[PDB]
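Residue numbers (the deposited numbering), protein chains in the order written: chain 6, 65 to 237; chain 5, 47 to 229. In this text, a Cβ means the ideal position worked out from N, Cα and C, and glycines have one as well. Notes follow the structure.
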Amino acid sequence: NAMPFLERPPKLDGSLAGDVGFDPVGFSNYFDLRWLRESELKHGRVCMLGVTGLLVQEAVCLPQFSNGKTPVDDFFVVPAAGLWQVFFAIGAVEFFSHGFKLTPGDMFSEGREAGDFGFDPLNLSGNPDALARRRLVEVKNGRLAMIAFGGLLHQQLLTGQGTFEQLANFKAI
Amino acid sequence: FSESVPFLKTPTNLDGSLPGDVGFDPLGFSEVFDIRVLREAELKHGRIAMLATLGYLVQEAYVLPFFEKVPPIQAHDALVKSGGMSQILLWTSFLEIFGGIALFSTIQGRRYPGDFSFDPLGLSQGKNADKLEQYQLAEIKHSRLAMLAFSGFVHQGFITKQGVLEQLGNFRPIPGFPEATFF
Ligand code: CLA
Ligand code: CLA
Ligand code: CLA
Ligand code: KC2
Ligand SMILES: CC1=CCCC(C)(C)[C@H]1/C=C/C(C)=C/C=C/C(C)=C/C=C/C=C(C)/C=C/C=C(C)/C=C/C1=C(C)CCCC1(C)C
């Protein structure tokens, strides 16, 4: 296990992917595991997209936009009206995907498993074994994306330099 | 009577169950509090003291190329304002949250006090379990020794303004005392 000196969490069973028994506090003991897994998948997917955005906006800038010194500054140079529609379009996407069941009690009522919405433009989710492998890869890369996005954002905020450009010259503080 | 102290009795709940039990508990600490919680505290103190003693020796002997060469107390003072001490505190606290979780597991029986199953190398894990208790004894002894040694170090550094290797090389008395003349 992840904590050999501790015991396995009671609510934690190996049904979900990425289960290593890592829950030293009892978040799963006090909150629904389906809700926690949905939040984990949402954070991980948002962080994958954020990592790609941080690595791309330093290299590619839209012609109808101003290119800031860093992607964090790319956020600032965008007009606030664009940021607000981004916010409200994401909110509309949340409303459509959750079926107007934002509250934790209303969510997971009509099955939906945990963190599943229905998204397969290309059918790569047929066989259950490959589906489970894809789930494990997805959750691991999502957690790695959370850590990596935190690191990239904070290093960009501190040094004021892009990630690849920071790799060009370290400039230790 | 107690083994360590001939004129005292064996301190009740103090037997060979825990390593290094010479019956030394003149004040009833093992009766006011659980003996396993006290053993966890002793192991934490001793391990931190061993690391601190080794760090004192090496820092007096050697310094990294990206750190200012200063006495260890001056190193603490300099890196408090530099942020390195903040980093050490943050990561140590992050580990010690899970350490406290393990301690709470220890309180309700279960895991052995001070045992984290930490063994990157094959030492007393498999094929060497028969030495494990021996190792345990050695560990606590070193712990206790370190808990004294580091202490002496710093207080000697407080009285002579010298490193421990400097005091070993040049064992001059307490400053101002060779002149004496107190009357
Ligand atoms: C917010 C993101 C998020 C969420 C909701 C979850 C949720 C979950 N994880 Mg995942 N996980 C995450 C991020 C997240 N994780 C990251 C970033 C990593 C990489 C280290 C992991 C690695 C991981 C493993 C290896 C495992 C889980 C498991 C689980 C499940 C049980 C544990 C739990 O309840 O944690 C709840 C977690 C939170 C509520 C987030 C923590 C919030 C605290 C209060 C803030 C402190 C965190 C901070 C960033 C650390 C600072 C450190 C300091 C030195 C600066 C649950 C579904 C286990 C599982 O599959 O069980 C089903 C399992 O085995 N997770
Ligand atoms: C967490 C995710 C995230 C966030 C908050 C932002 C936010 C922002 N981006 Mg970045 N970006 C992202 C991801 C993200 N981006 C990704 C993944 C890419 C690679 C395609 C880019 C590439 C990119 C460029 C090239 C530029 C920005 C720019 C901007 C700013 C203006 C908004 C805009 O034009 O959107 C642009 C959005 C896109 C090009 C694509 C939308 C991002 C994802 C794919 C939407 C997800 C929706 C849906 C759930 C996914 C399903 C579809 C899937 C098959 C992909 C704003 C600060 C501009 C800027 O200010 O730079 C100066 C700009 O020029 N972004
Ligand atoms: C692994 C995560 C991690 C990260 C990202 C950082 C980040 C940082 N630490 Mg470190 N630190 C960590 C863990 C980490 N710390 C741990 C576990 C300890 C022991 C308790 C310390 C002890 C420590 C001390 C004592 C000091 C710092 C300092 C710093 C800061 C200055 C960075 C620097 O020297 O320039 C950039 C770094 C370099 C030039 C060194 C080379 C690093 C290489 C290139 C990167 C290698 C990978 C890197 C270690 C990431 C590891 C994780 C990754 C493998 C996933 C920076 C914010 C210093 C500070 O506060 O600033 C004044 C400082 O004095 N840290
Ligand atoms: C969240 C997804 C999203 C949706 C679903 C969506 C729908 C529509 C529709 C549909 C009915 C129209 C007709 C429309 C038109 C304009 N959008 Mg657009 N839009 C979205 C995203 C963004 C962002 C991120 C920005 C943005 C902007 C503008 C400007 C500004 C030009 C000007 O400066 O006058 C105009 C005219 C920018 C802005 O508002 O700030 C300056 C800006 O950054 N939009 N938009
Ligand atoms: C709106 C907003 C505000 C201001 C402007 C803005 C910046 C553009 C924007 C962005 C805001 C944003 C999006 C800000 C984003 C902030 C983020 C994502 C911060 C992430 C922090 C993650 C940390 C410290 C992880 C540490 C990992 C550890 C200790 C790993 C531990 C590990 C574990 C547990 C397991 C194994 C052992 C080890 C390896 C030890």
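For residue 106 (chain 6), which residues from the same chain have a beta carbon less than 8 Å from its beta carbon, with the 5 sequence-adjacent residues on both sides left out?
-> 179
Where the stretch 203-226 of chain 6 meets chain 5: residues whose CB sits under 7 Å from a CB there | none
Taking Cβ-Cβ distances below 9 Å as the criterion, which residues of the stretch 86-107 of chain 6 are in contact with chain 5?
-> 88, 89
Got a sec: is the Cβ-Cβ distance from residue 148 (chain 5) to anything in chain 6 below 7 Å?
-> yes
At least one CB of chain 6 closer than 7 Å to the CB of residue 144 (chain 5): is that the case?
-> yes
Closest by CA to residue 24 (chain 5), which one among 96 (chain 5), 92 (chain 5), 58 (chain 5), 98 (chain 5)?
-> There is simply no residue 24 (chain 5) to check, as chain 5 begins at 47 and stops at 229 in what is shown.
Pair every Cβ in the stretch 194-211 of chain 6 with every Cβ in the stretch 102-122 of chain 6, then say whether three or more of these pairs are closer than 8 Å.
-> Put simply, the stretch 194-211 of chain 6 touches the stretch 102-122 of chain 6. At least three CB pairs are less than 8 Å apart.
Roughly how many whole angstroms lie between the Cα atoms of residue 145 (chain 6) and residue 125 (chain 5)?
-> Their backbone Cα atoms lie some 45 Å apart in a straight line.
Outcome for residue 67 (chain 5) when other beta-carbon atoms lying within 10 angstroms are tallied against a minimum of 16 = buried
Pick from 175 (chain 6), 174 (chain 6), 210 (chain 6), 195 (chain 6) that is closest to residue 184 (chain 6), judged by C-alpha positions | 195 (chain 6)
First and last residue of the alpha helix (DSSP H) that includes residue 157 (chain 6)?
-> 144-162
Which first and last residues belong to the alpha helix (DSSP H) in which residue 114 (chain 5) is found?
-> Unbroken run through residue 114 (chain 5): none, as it is neither H nor E.
According to DSSP, is residue 54 (chain 5) helix, strand or coil?
-> coil
Could you name the residues of chain 5 that residue 73 (chain 6) contacts, counting a contact when the two beta carbons are closer than 7 Å?
-> What residue 73 (chain 6) touches in chain 5: nothing, since even the nearest Cβ is about 12 Å away.
Name the residue from 205 (chain 5), 223 (chain 5), 198 (chain 5), 222 (chain 5) whose alpha carbon lies nearest to the alpha carbon of residue 103 (chain 5).
-> 198 (chain 5)
C-alpha gap between residue 234 (chain 6) and residue 129 (chain 5), whole angstroms | 19 Å
Under 7 Å from the C-beta of residue 157 (chain 5): neighbouring residues of chain 6 = 69
Test item: CB-CB of residue 82 (chain 6) and residue 72 (chain 6) under 7 Å = Result no, Cβ atoms of residue 82 (chain 6) and residue 72 (chain 6) do not sit closer than 7 Å.
Consider the C-beta atom of residue 114 (chain 6) and the heavy atoms of ligand 2; say whether any pair is separated by less than 6 Å.
-> yes
Should residue 74 (chain 5) be counted as a contact of ligand 3 given a C-beta to heavy atom distance under 6 Å?
-> no
Using 7 Å as the limit for Cβ to Cβ distance, is residue 163 (chain 5) near chain 6?
-> yes
Beta-carbon proximity check, residue 216 (chain 6) vs residue 227 (chain 6), cutoff 7 Å | Less than 7 Å divides the Cβ of residue 216 (chain 6) from the Cβ of residue 227 (chain 6).
Pull up the distance between the alpha-carbon of residue 226 (chain 5) and that of residue 204 (chain 5), whole angstroms please.
-> 20 Å
Consult DSSP for residue 85 (chain 6) and reduce its assignment to one of helix, strand or coil.
-> coil
Closer than 7 Å to chain 6 by CB, residue 151 (chain 5) | yes
Given residue 210 (chain 6) as reference, the closest of 225 (chain 6), 129 (chain 6), 193 (chain 6), 118 (chain 6) once Cα atoms are compared = 118 (chain 6)
Please state if the CB of residue 69 (chain 6) and the CB of residue 163 (chain 5) are separated by a distance shorter than 7 Å.
-> Cβ distance < 7 Å, so residue 163 (chain 5) and residue 69 (chain 6) count as in contact.
Would DSSP call residue 111 (chain 6) helix, strand or coil?
-> helix
Examine ligand 2 and report whether any of its heavy atoms sits within less than 6 Å of the Cβ of residue 126 (chain 6).
-> yes
Sequence-distant residues of the same chain with beta carbon closer than 8 Å to residue 178 (chain 5), five excluded per side | 170
Give me the Cβ distance between residue 107 (chain 5) and residue 211 (chain 5), rounded to the nearest whole Å; I'm assuming they're in contact under 8 Å.
-> 7 Å
Residue 159 (chain 6): CB within 6 Å of a non-hydrogen atom of ligand 5 = Within the chosen limit of 6 Å, ligand 5 does not reach the beta carbon of residue 159 (chain 6) with any heavy atom.
Return yes when the C-beta of residue 225 (chain 6) is under 6 Å from any heavy atom of ligand 4, and no when it is not.
-> no
Which residues are close to ligand 4, meaning CB closer than 5 Å to any heavy atom, in chain order?
-> 143 (chain 6), 145 (chain 6), 146 (chain 6), 149 (chain 6), 150 (chain 6), 153 (chain 6)
Residue 180 (chain 5) classed as buried or exposed, judged by whether at least 16 other C-beta atoms fall within 10 angstroms = exposed
Hey, could you find the ends of the alpha helix (DSSP H) residue 233 (chain 6) is sitting in?
-> Counting along the chain, residue 233 (chain 6) falls outside any alpha helix (DSSP H), and DSSP gives it neither H nor E.
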